[PDB]
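> mind folding the following:
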Amino acid sequence: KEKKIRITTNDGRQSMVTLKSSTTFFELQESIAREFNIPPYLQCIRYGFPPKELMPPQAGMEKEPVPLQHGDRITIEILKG
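Numbering: from 1, shown residues only. The protein structure is shown below:
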């Protein structure tokens, strides 16, 4: 029982997911990597208007869930590996 959110890569593609309630930036990066064809180290998520750069947490915050909820929307950007 988790929440559902939308995704859209700068390349011009989009896909929905079932992001978990306690899904941190890491758990989120793993979701997009599934719905799309980009690794967690090449997917830059964005939310809010204008689109922000949901940076990765650190020691202590890594456990914290993403800033998105059931019914939210985000945008990914294929980084340069």
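> C-alpha only now, for contacts and for neighbours.
Noted.
> strands along the protein, start to end?
Assigned by DSSP state E, the chain shows strands spanning 5-9, 13-17.
> quick one: buried residues of stretch 17-26?
Neighbour counts over stretch 17-26 (16 or more other Cα atoms under 10 Å) mark 17, 19-21, 23-26 as buried.
> ok, so of the residues you listed, who is nearest residue 77?
Taking Cα to Cα as the measure, residue 25 is the one of the buried residues of stretch 17-26 closest to residue 77, at 14.6 Å.
> so the closest one is in contact with residue 56, correct?
Yes. The pair residue 25 / residue 56 is scored as a contact, 5.7 Å apart, by Cα atoms under 8 Å.
> list residues touching both of the two?
Residues touching both residue 25 and residue 56 (Cα atoms under 8 Å, 6 or more residues apart in numbering): residue 62.
> among the buried residues of stretch 17-26, name the ones in helices.
When the buried residues of stretch 17-26 are checked against helices (DSSP state H), the matches are 25-26.
> how much space between residue 20 and residue 5?
From residue 20 across to residue 5, the span is 10 Å (Cα to Cα, to the nearest Å).
> do residue 51 as well
15 Å.
> compare the two (neighbour count), which wins?
Using other Cα atoms under 10 Å, the more surrounded residue of residue 51 and residue 5 is residue 5, with 17 against 12.
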